[PDB]
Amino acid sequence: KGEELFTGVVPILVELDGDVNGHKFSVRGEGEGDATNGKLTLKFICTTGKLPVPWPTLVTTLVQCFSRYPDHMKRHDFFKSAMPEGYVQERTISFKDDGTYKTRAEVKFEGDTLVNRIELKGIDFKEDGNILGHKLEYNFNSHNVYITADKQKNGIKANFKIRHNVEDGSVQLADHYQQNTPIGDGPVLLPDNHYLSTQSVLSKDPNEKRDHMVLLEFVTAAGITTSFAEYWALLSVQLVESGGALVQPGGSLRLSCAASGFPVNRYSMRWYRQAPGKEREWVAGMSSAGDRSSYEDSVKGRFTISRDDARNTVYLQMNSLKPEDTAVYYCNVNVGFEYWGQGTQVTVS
């Protein structure tokens, strides 16, 4: 029933009130939402002067009922199920090595407009830091939001980590803990465990001189019909991973990565790596200008990232390789959309 309100374009209106470290602000936003394509087009402005925190830190807080649920997942779209009564979205955003956001929002229809009213508090944000220092690049990465039913609260939970690009090459983690409860006492859909794949592009309107963020993002859901034969093959190759590049403990290796379609010397570049039984972890990176290069604590002192502008390539010299350095290595770049280089298996004895 509630899914019949999202057929076709739907007007959206978003209103946020935020108190971060004492500094206060507000944001209004208008746009359309095509749940059929999982597409959002929204323009946001800071109605109260200029923003004390970066726009990328408010993206997640700034209506998952516009996510695209393919036909075979329509019994798991909690967000549309709760409409038009609405649902409450509470979340605790923990910026690593810095402050914490805390928000409460109500998403519900008002007439024929989907309205998100948000309250946001922020504490423990270092005055000279990535957030209040505006050290975050103006872009947004692609993330997977793992959703799971919360029977006792008659809603859903959601855990995920947002990776923000610091213009010094590093990455700012934002650990999201999320909870959603319907407003009306009517029937809602509790889903099997799944996830929401998200893509976002941040842009600016030239004719606007207010502090603004133009946002177009795509979201679709998946992850409920994976076969045992597939779950098993995943486990099998994990326990019997031969490897593509092998080195003794202490040896060295140099990773190459050729870029296509974009000038490598105008965007920041970063190296990720995913170890068996481990999640993707940022390794190294350098700024778009080339004046700054960052490294994670585990690799600092034996990794060096560089780039050849003419050959449009990025390198990763690896020295004194440990067995712990065994993983699949990826190159990353955000040209509005986040892109990944072909994986690279390095197997250290």
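Heads up: residue numbers just count along the shown sequence, starting at 1.
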Unresolved deposited residues lying between neighbours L62 and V63: 1 to 3
Between 173-181 and 224-232 (mean CA B-factor, as deposited), the higher: 173-181
Average Cα temperature factor in the PDB entry - higher stretch of 105-113, 67-75: 105-113
Most elevated Cα B-factor in the entry, residues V188, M269, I156, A245: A245
Top Cα B factor in the deposited entry, candidates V219, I147, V166, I118: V166
Assigned third (lowest, middle, highest) for the C-alpha B factor of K96: middle
Third of chain Cα B-factors occupied by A259: highest
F125 CA temperature factor, ranked by third within the chain: highest
Chain thirds of CA B-factor: placement of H212: highest
Chain thirds of CA B-factor: placement of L136: highest
